[PDB]
Amino acid sequence: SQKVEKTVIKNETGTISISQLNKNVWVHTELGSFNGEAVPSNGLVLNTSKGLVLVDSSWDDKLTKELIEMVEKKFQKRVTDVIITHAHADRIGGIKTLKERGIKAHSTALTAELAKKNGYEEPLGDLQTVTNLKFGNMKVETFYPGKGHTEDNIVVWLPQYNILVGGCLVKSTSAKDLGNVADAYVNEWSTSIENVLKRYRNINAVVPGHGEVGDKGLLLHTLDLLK
Ligand SMILES: O=C(O)[C@H](S)c1ccccc1
Ligand SMILES: [Zn+2]
Ligand SMILES: [Zn+2]
């Protein structure tokens with residue numbers, strides 16, 4: 001097959017799916033059981049000319065298995081990069097699968113310090129506050145605003161489309177609050193957002209951690225959730 005005007009991929013179950021956001025920017029969101037309920041995990045996929053990329057794996061290796069099988073079907077390519085913001089089941093849940101297909105779960109040395117603490121396989125663990133990533137024909141750059149959703153949480157930036165993917169740190173507008181903050185820093189969160197929205201004052205789209213894509217407003221709204 002070829003030459004088609006279709007978008008937004010979905011699995012037989014529907015638990016996982018994607019959506020065309022930009023020329024080479026997509027937003028994938030999966031679902032993973034938790035506390036006897038369902039909890040969607042927002043994400044993002046890059047369509048480079050040297051292998052797709054994931055801004056975050058699935059909840060579990062068995063869950064991400066169906067996630068990668070999707071991107072590697074319409075993008076006539078394969079995933080060989082996995083950016084991890086923080087150490088969580090919704091970040092490195094598929095760390096096992098990433099090391100089975102030759103994929104690399106990029107992440108900061110800290111993001112791994114918590115991974116092994118949970119039982120994961122620990123990501124690459126070789127990053128810093130900021131890292132200008134470049135895959136084939138794409139431009140990306142990490143950033144560490146501060147402590148918010150996790151002790152090792154960071155936001156993703158794209159110096160070309162102005163698309164920021166804060167994640168769990170940048171809550172959506174529809175959201176009402178932050179929620180469980182057992183392993184989070186509500187006192188530092190306000191400081192983190194103030195660093196993200198400041199680092200870039202020309203964002204075109206913002207993708208939260210649990211909800212839907214929006215805009216730079218998400219950052220401003222997040223503060224309201226703390227205050
Ligand atoms: O609440 C969050 O942002 C993280 S990703 C989480 C952890 C456990 C269950 C649901 C969500
Ligand atoms: Zn998380
Ligand atoms: Zn999340």
# chains A, B, ... in the order shown; residues from 1 in each chain; ligands from 1
$ residues_around --residues "range 69-85 of chain A" --least-positions-apart "4" --cutoff "6 Å" --atoms "only C-alpha atoms" --output "PDB file with N, CA, C and O atoms, in the first residue's frame"
ATOM      1  N   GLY A  51      15.273   6.163  11.809  1.00  0.00           N
ATOM      2  CA  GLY A  51      14.655   5.379  12.862  1.00  0.00           C
ATOM      3  C   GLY A  51      13.775   6.217  13.768  1.00  0.00           C
ATOM      4  O   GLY A  51      14.191   7.273  14.247  1.00  0.00           O
ATOM      5  N   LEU A  52      12.555   5.748  14.004  1.00  0.00           N
ATOM      6  CA  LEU A  52      11.611   6.462  14.858  1.00  0.00           C
ATOM      7  C   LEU A  52      12.171   6.626  16.268  1.00  0.00           C
ATOM      8  O   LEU A  52      13.157   5.987  16.634  1.00  0.00           O
ATOM      9  N   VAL A  53      11.534   7.488  17.054  1.00  0.00           N
ATOM     10  CA  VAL A  53      11.965   7.735  18.425  1.00  0.00           C
ATOM     11  C   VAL A  53      10.770   7.900  19.357  1.00  0.00           C
ATOM     12  O   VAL A  53       9.739   8.453  18.969  1.00  0.00           O
ATOM     13  N   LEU A  54      10.912   7.421  20.586  1.00  0.00           N
ATOM     14  CA  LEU A  54       9.844   7.516  21.575  1.00  0.00           C
ATOM     15  C   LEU A  54      10.273   8.376  22.759  1.00  0.00           C
ATOM     16  O   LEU A  54      11.329   8.151  23.353  1.00  0.00           O
ATOM     17  N   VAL A  55       9.449   9.360  23.100  1.00  0.00           N
ATOM     18  CA  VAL A  55       9.740  10.252  24.216  1.00  0.00           C
ATOM     19  C   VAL A  55       9.431   9.582  25.550  1.00  0.00           C
ATOM     20  O   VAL A  55       9.666  10.157  26.614  1.00  0.00           O
ATOM     21  N   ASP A  56       8.907   8.364  25.486  1.00  0.00           N
ATOM     22  CA  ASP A  56       8.568   7.614  26.690  1.00  0.00           C
ATOM     23  C   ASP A  56       7.966   6.257  26.334  1.00  0.00           C
ATOM     24  O   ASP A  56       7.072   6.166  25.492  1.00  0.00           O
ATOM     25  N   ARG A  91       7.648   5.176  32.060  1.00  0.00           N
ATOM     26  CA  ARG A  91       8.822   5.741  31.407  1.00  0.00           C
ATOM     27  C   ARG A  91       9.763   4.639  30.929  1.00  0.00           C
ATOM     28  O   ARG A  91      10.154   4.603  29.762  1.00  0.00           O
ATOM     29  N   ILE A 103      17.165  -1.183  20.912  1.00  0.00           N
ATOM     30  CA  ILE A 103      16.771   0.184  21.229  1.00  0.00           C
ATOM     31  C   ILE A 103      17.571   0.727  22.408  1.00  0.00           C
ATOM     32  O   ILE A 103      18.105  -0.035  23.216  1.00  0.00           O
ATOM     33  N   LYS A 104      17.652   2.051  22.502  1.00  0.00           N
ATOM     34  CA  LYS A 104      18.384   2.698  23.584  1.00  0.00           C
ATOM     35  C   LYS A 104      17.469   3.617  24.388  1.00  0.00           C
ATOM     36  O   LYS A 104      16.899   4.565  23.849  1.00  0.00           O
ATOM     37  N   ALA A 105      17.334   3.329  25.678  1.00  0.00           N
ATOM     38  CA  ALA A 105      16.492   4.132  26.556  1.00  0.00           C
ATOM     39  C   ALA A 105      17.279   5.283  27.170  1.00  0.00           C
ATOM     40  O   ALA A 105      17.709   5.210  28.323  1.00  0.00           O
ATOM     41  N   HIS A 106      17.467   6.347  26.395  1.00  0.00           N
ATOM     42  CA  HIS A 106      18.204   7.514  26.865  1.00  0.00           C
ATOM     43  C   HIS A 106      17.614   8.041  28.169  1.00  0.00           C
ATOM     44  O   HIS A 106      16.407   7.957  28.394  1.00  0.00           O
ATOM     45  N   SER A 107      18.474   8.582  29.027  1.00  0.00           N
ATOM     46  CA  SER A 107      18.039   9.118  30.312  1.00  0.00           C
ATOM     47  C   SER A 107      19.223   9.664  31.102  1.00  0.00           C
ATOM     48  O   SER A 107      20.379   9.368  30.797  1.00  0.00           O
ATOM     49  N   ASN A 153      13.009  14.236  37.175  1.00  0.00           N
ATOM     50  CA  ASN A 153      12.111  14.572  36.076  1.00  0.00           C
ATOM     51  C   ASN A 153      12.693  15.688  35.217  1.00  0.00           C
ATOM     52  O   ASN A 153      13.324  16.615  35.729  1.00  0.00           O
ATOM     53  N   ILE A 154      12.479  15.595  33.909  1.00  0.00           N
ATOM     54  CA  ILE A 154      12.982  16.599  32.979  1.00  0.00           C
ATOM     55  C   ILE A 154      12.004  16.824  31.832  1.00  0.00           C
ATOM     56  O   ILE A 154      11.169  15.969  31.536  1.00  0.00           O
TER      57      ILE A 154
END
$ residues_around --residues "residue 207 in chain A" --least-positions-apart "6" --cutoff "8 Å" --atoms "only C-alpha atoms" --output "list in words"
residues 27, 42, 43, 164, 165, 166, 167, 170, 172, 213, 214 and 215 of chain A
$ write_last_selection --atoms "N, CA, C and O atoms" --output "PDB file, in the first residue's frame"
ATOM      1  N   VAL A  27       1.779  12.084  18.740  1.00  0.00           N
ATOM      2  CA  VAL A  27       1.510  11.903  20.160  1.00  0.00           C
ATOM      3  C   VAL A  27       0.859  10.551  20.428  1.00  0.00           C
ATOM      4  O   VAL A  27      -0.304  10.333  20.092  1.00  0.00           O
ATOM      5  N   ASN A  42       0.329   9.816  28.404  1.00  0.00           N
ATOM      6  CA  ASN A  42       0.641  10.568  27.194  1.00  0.00           C
ATOM      7  C   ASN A  42       2.080  10.316  26.753  1.00  0.00           C
ATOM      8  O   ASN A  42       2.918   9.889  27.545  1.00  0.00           O
ATOM      9  N   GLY A  43       2.358  10.584  25.480  1.00  0.00           N
ATOM     10  CA  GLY A  43       3.695  10.381  24.954  1.00  0.00           C
ATOM     11  C   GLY A  43       3.941  11.156  23.676  1.00  0.00           C
ATOM     12  O   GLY A  43       3.232  12.120  23.380  1.00  0.00           O
ATOM     13  N   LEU A 164       7.132  21.529  23.071  1.00  0.00           N
ATOM     14  CA  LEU A 164       7.668  21.062  24.346  1.00  0.00           C
ATOM     15  C   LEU A 164       6.844  19.900  24.891  1.00  0.00           C
ATOM     16  O   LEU A 164       5.614  19.917  24.835  1.00  0.00           O
ATOM     17  N   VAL A 165       7.530  18.893  25.422  1.00  0.00           N
ATOM     18  CA  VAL A 165       6.860  17.724  25.982  1.00  0.00           C
ATOM     19  C   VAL A 165       7.226  17.531  27.449  1.00  0.00           C
ATOM     20  O   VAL A 165       7.912  16.576  27.809  1.00  0.00           O
ATOM     21  N   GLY A 166       6.764  18.448  28.294  1.00  0.00           N
ATOM     22  CA  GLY A 166       7.052  18.360  29.714  1.00  0.00           C
ATOM     23  C   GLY A 166       6.717  16.999  30.292  1.00  0.00           C
ATOM     24  O   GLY A 166       7.548  16.374  30.949  1.00  0.00           O
ATOM     25  N   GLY A 167       5.494  16.540  30.047  1.00  0.00           N
ATOM     26  CA  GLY A 167       5.071  15.248  30.556  1.00  0.00           C
ATOM     27  C   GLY A 167       4.263  15.364  31.833  1.00  0.00           C
ATOM     28  O   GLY A 167       3.372  16.209  31.937  1.00  0.00           O
ATOM     29  N   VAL A 170       4.245  18.972  33.390  1.00  0.00           N
ATOM     30  CA  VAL A 170       3.307  19.947  32.850  1.00  0.00           C
ATOM     31  C   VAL A 170       1.913  19.346  32.705  1.00  0.00           C
ATOM     32  O   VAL A 170       1.610  18.686  31.711  1.00  0.00           O
ATOM     33  N   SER A 172      -2.149  19.071  32.120  1.00  0.00           N
ATOM     34  CA  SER A 172      -3.021  19.625  31.092  1.00  0.00           C
ATOM     35  C   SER A 172      -3.974  20.657  31.688  1.00  0.00           C
ATOM     36  O   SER A 172      -4.112  20.762  32.907  1.00  0.00           O
ATOM     37  N   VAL A 213      -2.876  17.020  24.295  1.00  0.00           N
ATOM     38  CA  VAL A 213      -1.994  18.113  23.906  1.00  0.00           C
ATOM     39  C   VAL A 213      -2.715  19.454  23.982  1.00  0.00           C
ATOM     40  O   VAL A 213      -3.930  19.530  23.796  1.00  0.00           O
ATOM     41  N   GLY A 214      -1.960  20.512  24.258  1.00  0.00           N
ATOM     42  CA  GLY A 214      -2.543  21.836  24.353  1.00  0.00           C
ATOM     43  C   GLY A 214      -1.601  22.922  23.872  1.00  0.00           C
ATOM     44  O   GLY A 214      -1.340  23.041  22.674  1.00  0.00           O
ATOM     45  N   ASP A 215      -1.089  23.717  24.805  1.00  0.00           N
ATOM     46  CA  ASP A 215      -0.170  24.799  24.468  1.00  0.00           C
ATOM     47  C   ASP A 215       0.639  25.223  25.690  1.00  0.00           C
ATOM     48  O   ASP A 215       0.615  24.560  26.726  1.00  0.00           O
TER      49      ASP A 215
END
$ atom_distance --atom1 "CA of residue 144 in chain A" --atom2 "CA of residue 118 in chain A"
22.1 Å
$ closest_residue --among "A:134, A:87, A:37, A:160" --to "residue 117 in chain A" --atoms "only C-alpha atoms"
A:87
$ residues_near_ligand --ligand "ligand 3" --cutoff "8 Å" --atoms "only C-alpha atoms and all ligand atoms" --output "PyMOL selection string"
chain A and resi 40-42+88+90-91+167-168+209-210
$ select_by_dssp --residues "range 89-201 of chain A" --states "helix (DSSP H, G or I)" --output "count of residues only"
32
$ residues_around --residues "residue 173 in chain A" --least-positions-apart "5" --cutoff "8 Å" --atoms "only C-alpha atoms" --output "number ranges by chain"
A: 214, 217-218, 221-222
$ closest_residue --among "A:93, A:146, A:179, A:119" --to "ligand 1" --atoms "only C-alpha atoms and all ligand atoms"
A:179
$ residues_around --residues "range 189-197 of chain A" --least-positions-apart "3" --cutoff "8 Å" --atoms "only C-alpha atoms" --output "ChimeraX atom specification"
/A:144-149,155,169-170,185-186,200-201,216,219-220,222-223,226
$ residues_around --residues "range 10-14 of chain A" --least-positions-apart "3" --cutoff "10 Å" --atoms "only C-alpha atoms" --output "PyMOL selection string"
chain A and resi 7+17-19+28-31+66-67+69-71
$ closest_residue --among "A:139, A:227, A:62, A:116" --to "residue 97 in chain A" --atoms "only C-alpha atoms"
A:62
$ select_by_dssp --residues "range 36-88 of chain A" --states "strand (DSSP E)" --output "list in words"
residues 37, 38, 39, 40, 41, 45, 46, 52, 53, 54, 79, 80, 81 and 82 of chain A
$ closest_residue --among "A:50, A:96, A:171, A:6" --to "ligand 1" --atoms "only C-alpha atoms and all ligand atoms"
A:171
